[PDB]
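A quick write-up on the structure given underneath.
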Ligand SMILES: CC(C)(COP(=O)(O)OP(=O)(O)OC[C@H]1O[C@@H](n2cnc3c(N)ncnc32)[C@H](O)[C@@H]1OP(=O)(O)O)[C@@H](O)C(=O)NCCC(=O)NCCS
Ligand SMILES: CC(C)(COP(=O)(O)OP(=O)(O)OC[C@H]1O[C@@H](n2cnc3c(N)ncnc32)[C@H](O)[C@@H]1OP(=O)(O)O)[C@@H](O)C(=O)NCCC(=O)NCCS
Ligand SMILES: CC(C)(COP(=O)(O)OP(=O)(O)OC[C@H]1O[C@@H](n2cnc3c(N)ncnc32)[C@H](O)[C@@H]1OP(=O)(O)O)[C@@H](O)C(=O)NCCC(=O)NCCS
Ligand SMILES: CC(C)(COP(=O)(O)OP(=O)(O)OC[C@H]1O[C@@H](n2cnc3c(N)ncnc32)[C@H](O)[C@@H]1OP(=O)(O)O)[C@@H](O)C(=O)NCCC(=O)NCCS
Ligand SMILES: Nc1ncnc2c1ncn2[C@@H]1O[C@H](COP(=O)(O)OP(=O)(O)O)[C@@H](O)[C@H]1O
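Chains as they are written, first to last, in PDB author numbering: chain C, 2 to 403; chain D, 2 to 403; chain A, -13 to -5, 1 to 720.
The following block contains the structure:
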């Protein structure tokens, strides 16, 4: 019935894993900083009409445990009626939180919802929460557990993507990310992180290496070739993909997503919710879709998910102005581009996680807000956001400018 | 827009914390068993039309980490497109999953969703996931963090419930739960847990003490007097509630919800989803709501959440045939009954968590499926399910028989 | 990255460099601008040069010894600089402590042993320097203290004190004593708890023992020499990290317990210390140190730190330096003391006088009562022999100086009199007349009076000059203030002799000119009267007590109004009414008076009768009286809690201003310390006078924001909160 509109979409800068600026910052603080930025833009906003805060978090333990969404509501002084729920759908948790918020608005039983995610990977490393798919031999043996990196190298092996091919995309992401920053595209969306005294901690995406060259990327060594030998994950994958004789490990630290700290926040609401609080809608969420693919590759999820969201919205690839796929690994983006024949000038036009980083729980909301801003800048109509997910899952979303 | 229907709603027996029957059972195995029971009831269901598997889990770490919902999909051999997401809204997680699943179906972007929750509190104790609200002093000092128990004792103090009053409710919970098992009310929905060889592990709620007497409940020691003294939570609460001079610690281990292991699964879908798969609707999600109250007395959440879902469904207290509020603490049910003038014959008619147990992540889905069966057995129309939530939250759902 | 404050574009040198033939470098701290070593801009640049040189000459240096050429090792941060830091200066403050800790971290990671030669006191930044060393040797000299007392000034150990003590002892052990309390330790106790590793007899043994430890360390373990335990790969934090299951189970109770100890008072320093401690224990040492700097900058740029630095450093030093002592007067040693009255006041004066080493004669109206007063000193020594604080040989020599008597002839040879009889001028006239001639000629005649003016009490004796007011506080064994009251015919020589006596018994003195109520009794009356008024207005009694505790008071007002007898408070209300009606005026009663008389009508006049606002069974408080709600219709008035808190704080701060206008007090320092140490004014305010210039609420901060809230309180609760004309413009 009702339509879900995106009124605000902000994010923090991403800080490196080693010697990172945000390493001293609690993950809860990254979210509260964004809540206060929303307050700064709408001081007369009646926060009592905000019925839920939905944050995605892949490692909800330690600093990120105990319903960090509820902690953000209480620590930021938001009304106690504003709820607060943490969810985890691996890499799409940020986008799934926005999707769940949109579906809640459409059902009529929610009016104004804050959605996004947080992930301080330098404070809470990947895998800190555990899980049966890895730490249970019976489940691990059955699902043929293989880390995401091996699946990425397997995709490059099957699709014929060379080490130069993936490094070429890594160079493109670094260059387009640098052009986006120097062009001022991210000025209003990236909210600088400050301390209790107002002192600056981080205002830019630290993981970026804008002076990246083709020769520098070729000197890097395969980062996941030792994880394949110590663990036999290569032999596990080839047991399912028996027609492949050997996995070509092409992914290094220069063509894979960066391990960074970050958080993003989006304000989704109905048209009546925006008119009541005097908010101007920036974009409309057209359709969402959840699908998946084989869990050994576990990175081919975007293709069936994008196909489903295009079908449900009654659209085709030609109807989409911008395509945004999380750059978890270069081969993942190269396969998605080849599968749907995505034009190169439509795909990740402002760089991606290779240059800027991949805060697991927050990435989906970060690239969602990146397309909201680029649609307004380019004055384009539609964009499709999608992420590959661990476990072979896939989530996609189509937004429309307003 | 699109009406959401409950087609199946099953649960496991609740095994106790100390020498419990389910302590040897991994939480993933509890969920898979309920999935296999859904297959036994519908051997020809095309599981490819299942869009998502949402599971509530309050301590998503260790055996319950790494997205146990996705682990349930992959381990049970479900289609790899069936998603899998874990959410955490403390005690509402089981009901919040069903509501989110219902809201997903209403948006039209999902067709058939499995919702529920899992919590093996004997394996993954409460608080194992850490948390900023408790384990970060700056937040624990800004927010007035007081455990759920003191807020329950404070409820009885302000509202004037005596130790005999809360033991009186604990008695009728044990009696009504025992009468429900004797009358065979739970024979259809409680799916016994079995090992990999088909041998029985548990087939009843082994936390029940059906021979409870009013004299035995009075012998028990207030189990939350050492916590509020060794941590000073009594003084922290009374700093916000300054007009209260002393907190009467009336809650013991016999009038509080029990620590148990359990899991629940609800199959929610659209009307077209049931017709295509031959599923017969059992109930319809009329409306859901999320609200809250003061965080220090964090168990006052269900009162404004119930009013909000009644106003949204266009109903009054007299229109509801059955009220189901989780028996987290006896004083929480007494205040809810006192505020809304709930008739005693309509309140938790088959017992509750004091007798059968409170598996944090699954309780919401368990008591929901309880009302689905009770509405049918009584041939009644409407029931209202709600839970009191840590941090001051509250969630309420209204179902109608079909 | 730099070890210096500036990197562009002339301080004094405070470090003396000396490299011996073995390769050991002795850094001797000798600030030529003062009698103590502090962390001013001179020390920062001096230590910057030395650390740069330690790195440049690393190949020819084998060890370092940090020493001091003054009585004290190092006194810590420059309070004169820190008290001026404004919120806009948060960036400069952050960079300074980062530079200070960058120097210590370089000293700490040289790969060579560094020993601290702690000759005298090492407090705050001084101990933080020693904590950066790998070994600490302290001379067991007299007057030497060691600790991190930053919290007592509203700060935190921001030079690595929080970070390193947590690495040494764990979160719980470091916070409980040295951090949250800021307690000062003698060198023998410092060695016991672990802040110091070795002790020597004299200060000359230090540098030799320091150099000998370096030579032995380089031979016993050459791999671990100059490597702190937390810089080794297998480091395990004592008690565990916040991720350890043992500490994580009890960690949620630390802020709530601290919230309980502070009773909800607005003292942000312990909250920040605990946050920096736990947050720091979650990251590496360097990241933890940077977190510590941000919490330090949030305190120094705050207002509570200003108040506490003003009162507990500047105001307290001005008092202990003779600021109230007039001109110059020679000292007169006290040979024997005579206390009049064996009540809880007189018996408390006898205990603190003998515990200082004075002979005391405790007289009363019978030997039966004088022995029950000496039993007040026996019960304290019995509890002090169990805690191990006093020895049996000293506890017996202490009680031997207290001679319980009932005859006035035993006051022969007394050259110091302290009367503590009932509050009756004719009685004080009488009890002084029986003894004025028995005592020695130049004997000081003191009176522990609550309200009765000393000028009128002096006419009961012959020598009007030696008569003086020596106000003690209940209980005397704990309370540290003595309110010296000056009568109209009181000489300046007797003013100093009581000033010296107060310093001899280890107490803090203030000088007050004679008036009814003096300063302490008059102000503390406004505090309790404001609470009784709230009770008569119908405010819940539990909310009144909570508002009193969350304000920072050590005792809630209704509870304090039971310790003070409501019979005594009614006597004062009659005197103020008789004095106005004897001049023809119309006495305007305080709203509390109707509550005092109503409680007396009900026979509940305080703890002495066993019934007051609380119920008293077997000599202990048993909660508030249940009938109190029906009597005053409690619950009918529900004002904001901050409105109640301000009413109690403002009533005292305004009356303190009147005492300054009327000349009762001559210095704000006496007003601040006198209110803090006398009537328990909340320490975070810096005193009842500092509370005016340092008020902070929703209105703002400063004397202007104090008047606005004062006028806001006057418009809602009564014209008594109207600010005096001195506060305006
Ligand atoms: C790929 C990965 C293993 C790299 O880890 P890392 O070695 O710590 O990464 P760094 O970038 O710090 O170091 C990589 C090396 O290549 C260099 N490098 C990285 N990117 C570069 C670039 N664009 N140009 C030049 N050099 C580059 C680094 O400087 C470093 O050189 P060094 O080893 O001499 O210091 C890690 O980022 C990773 O696992 N990411 C994938 C994400 C993932 O698996 N899961 C998340 C969800 S999909
Ligand atoms: C209440 C609580 C502290 C009880 O802990 P416990 O001591 O392990 O619980 P038990 O069931 O063993 O109860 C203690 C005693 O009461 C007895 N008892 C409990 N229920 C009884 C009943 N209905 N009749 C008679 N005796 C009963 C037990 O037999 C036991 O006897 P014991 O002392 O010899 O062992 C714990 O269950 C709890 O914290 N639950 C409340 C919920 C909560 O805090 N968080 C969950 C989210 S709200
Ligand atoms: C150092 C100390 C232990 C003993 O001092 P002392 O030998 O009795 O000498 P005094 O108290 O007379 O002080 C002498 C001088 O030292 C100065 N001084 C002492 N500590 C100082 C400090 N931390 N900052 C600034 N000046 C200080 C005094 O202001 C005085 O200067 P002045 O004589 O020119 O007026 C005592 O001064 C003290 O308690 N210092 C406070 C240390 C502290 O708590 N620091 C906390 C912040 S890190
Ligand atoms: C705890 C410890 C200091 C003393 O243990 P102990 O000698 O067996 O027994 P006690 O604690 O009864 O010793 C008495 C002293 O301990 C001190 N103490 C106890 N716990 C303390 C703590 N957490 N911090 C500081 N001092 C402490 C007391 O102040 C007391 O001093 P006193 O004798 O003058 O009254 C000792 O175990 C130790 O040296 N290591 C523990 C960790 C540590 O170093 N803590 C000190 C932090 S400064
Ligand atoms: N601030 C207060 N001061 C005194 N009494 C209060 C206060 N707040 C609530 N009460 C008491 O509680 C009763 C109901 O208050 P209520 O508004 O329900 O409190 P809350 O909103 O905190 O639950 C009132 O009748 C009153 O007697």
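Even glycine gets a Cβ: it sits at the ideal position worked out from N, Cα and C.
Residue 201 of chain D to residue 74 of chain C span [Cα, whole Å]
Counted from its first residue, the second chain places residue 201 of chain D at position 200. Counted from its first residue, the first chain places residue 74 of chain C at position 73. The alpha-carbon atoms of residue 201 of chain D and residue 74 of chain C are separated by roughly 45 angstroms.
Could you tell me whether any non-hydrogen atom of ligand 5 is closer than 7 angstroms to the CB of residue 626 of chain A?
Sequence index remark: in the third chain, residue 626 of chain A carries index 635 (1-based). Indeed, a heavy atom of ligand 5 lies less than 7 angstroms from the Cβ.
In angstroms, rounded to a whole number, what distance separates the CA positions of residue 351 of chain C and residue 280 of chain C?
Here residue 351 of chain C is taken as the residue at index 350 of the first chain, counted from 1. Here residue 280 of chain C is taken as the residue at index 279 of the first chain, counted from 1. Straight through space, the alpha carbons of residue 280 of chain C and residue 351 of chain C are spaced by roughly 27 angstroms.
Report the neighbours of residue 136 of chain D on chain A: residues whose CB is nearer than 7 angstroms to its CB, in chain order.
Taking the second chain and counting its residues from 1, one reaches residue 136 of chain D at position 135. Chain-ordered, the chain A residues with CB closer than 7 angstroms to the CB of residue 136 of chain D read 233, 239, 242, 243.
Near-chain C residues of the region 56 to 83 of chain A - C-beta to any C-beta below 7 angstroms
81, 82
Exposed unless 16 or more other CB atoms sit within 10 angstroms - verdict on residue 226 of chain A:
The count along the third chain starts at 1 and reaches residue 226 of chain A at position 235. Exposed, by the Cβ-count rule.
Taking beta-carbon pairs under 8 angstroms, can you tell me which members of the region 299 to 324 of chain D lie near chain A?
Those would be none; no residue qualifies.
Please state whether DSSP places residue 392 of chain C in a helix, a strand or coil.
Position 391 of the first chain holds residue 392 of chain C. Note: residue 392 of chain C maps to coil in three-state DSSP.
Taking the continuous alpha helix (DSSP H) assigned at residue 561 of chain A, which residues delimit it?
Translated into the one-based positions of the third chain, residue 561 of chain A becomes position 570. From DSSP, the alpha helix (DSSP H) with residue 561 of chain A extends over 557 to 572.
Under the rule that 16 or more other beta-carbon atoms within 10 Å means buried, what is residue 266 of chain D, buried or exposed?
Locating residue 266 of chain D in the second chain gives position 265, counting from the first residue. It counts as buried.
For residue 500 of chain A, report the span of its alpha helix (DSSP H) as first-last.
As a first step, residue 500 of chain A must be located in the third chain, where it is residue number 509. Looking at the DSSP string, residue 500 of chain A is not in any alpha helix (DSSP H); the run it does join, the beta strand (DSSP E), is 499 to 504.
Opening and closing residue of the alpha helix (DSSP H) in which residue 260 of chain A lies
Counting from one through the third chain, the residue named residue 260 of chain A turns up at place 269. Counting along the chain, the alpha helix (DSSP H) containing residue 260 of chain A begins and ends at 259 to 271.
8 angstroms is my cut-off, CB to CB: does residue 726 of chain A come that close to chain C?
There is simply no residue 726 of chain A to check, as chain A begins at -13 and stops at 720 in what is shown.
At a Cβ threshold of 8 angstroms, is residue 23 of chain C touching chain A?
Here the question's residue 23 of chain C lines up with position 22 in the first chain. No, its Cβ sits nowhere closer than 8 angstroms to a Cβ of chain A.
If you run the structure through DSSP and keep just helix, strand and coil, what is residue 110 of chain C?
Numbered from its first residue, the first chain carries residue 110 of chain C at position 109. Look at residue 110 of chain C here: in three-state DSSP terms it is coil, with no helix or strand label.
Cβ of residue 256 of chain D within 8 angstroms of Cβ of residue 167 of chain D?
Here the question's residue 256 of chain D lines up with position 255 in the second chain. Here the question's residue 167 of chain D lines up with position 166 in the second chain. Result yes, Cβ atoms of residue 256 of chain D and residue 167 of chain D sit closer than 8 angstroms.
Identity of the residues DSSP links to residue 92 of chain C by a beta bridge
Locating residue 92 of chain C in the first chain gives position 91, where the first residue counts as 1. According to DSSP, residue 92 of chain C bridges with C:90.
What would DSSP say about residue 0 of chain A, mapped onto helix, strand or coil?
Residue 0 of chain A cannot be located in this model; chain A continues from -5 straight on to 1.
For residue 7 of chain A: DSSP bridge partner residues
Mapped onto the third chain, residue 7 of chain A falls at position 16. BP columns for residue 7 of chain A point to A:19.
So, is residue 413 of chain A buried or exposed, given that buried needs 16 or more other C-beta atoms within 10 angstroms?
The residue labelled residue 413 of chain A in the question sits at position 422 within the third chain. Counting Cβ neighbours within 10 Å, residue 413 of chain A comes out exposed, since fewer than 16 surround it.
Quick check: is the beta carbon of residue 253 of chain C nearer than 8 angstroms to any beta carbon in chain D?
For the purposes of this step, residue 253 of chain C is taken as the residue at position 252 of the first chain. No - not a single Cβ of chain D is within 8 angstroms of the one on residue 253 of chain C.
Which residues in chain D have a C-beta closer than 7 angstroms to the C-beta of residue 7 of chain C? List them in chain order.
Taking the first residue of the first chain as position 1, residue 7 of chain C is located at position 6. Here the premise fails: no neighbours, minimum Cβ distance about 15 angstroms.
Does the region 76 to 91 of chain D come close enough to the region 152 to 161 of chain D that 3 or more CB-CB pairs lie under 8 angstroms?
no
Which one or two residues does DSSP pair with residue 11 of chain D in a beta bridge?
By one-based count along the second chain, residue 11 of chain D stands at place 10. D:266.
Exposed unless 16 or more other CB atoms sit within 10 angstroms - verdict on residue 244 of chain C
As a first step, residue 244 of chain C must be located in the first chain, where it is residue number 243. Counting the other Cβ atoms within 10 Å of the Cβ of residue 244 of chain C gives fewer than 16, which makes it exposed.
Any chance the CB of residue 499 of chain A is under 7 angstroms from a heavy atom of ligand 3?
Within the third chain, residue 499 of chain A is the residue found at index 508, counting from 1. No - ligand 3 has no heavy atom lying nearer than 7 angstroms to the Cβ of residue 499 of chain A.
Min CB distance residue 541 of chain A to chain D below 8 angstroms:
The sequence position of residue 541 of chain A within the third chain is 550, counting from 1. So yes, residue 541 of chain A belongs to the interface.
Who are the Cβ neighbours of residue 528 of chain A in its own chain at under 6 angstroms, not counting the five residues just before and after it?
Reading the third chain from its first residue, position 537 is the one you call residue 528 of chain A. Excluding positions up to five away in sequence, the list reads 628.
Three-state secondary structure assigned by DSSP to residue 68 of chain D
Taking the second chain and counting its residues from 1, the one referred to as residue 68 of chain D is at position 67. It is coil, neither helix nor strand.
Looking at C-alpha atoms only, which residue of A:473, A:89, A:232, A:24 is the closest neighbour of residue 669 of chain A?
As a first step, residue 669 of chain A is located in the third chain; it is residue number 678 there, counting from the start. Of the listed residues, the one whose Cα sits closest to residue 669 of chain A is A:473.
Using a beta-carbon distance cut-off of less than 9 angstroms, what residues from the region 269 to 296 of chain A approach chain C?
270, 273, 274, 275, 278, 279, 281, 282, 285, 286, 288, 289, 292
Of all Cβ atoms in chain D, is any one closer than 8 angstroms to the Cβ of residue 688 of chain A?
Here the question's residue 688 of chain A lines up with position 697 in the third chain. It does not: the Cβ of residue 688 of chain A has no partner Cβ on chain D nearer than 8 angstroms.
Within 7 angstroms: the Cβ of residue 214 of chain A and any heavy atom of ligand 3?
Here residue 214 of chain A is taken as the residue at index 223 of the third chain, counted from 1. Every heavy atom of ligand 3 is 7 angstroms or more from the Cβ of residue 214 of chain A, so no.
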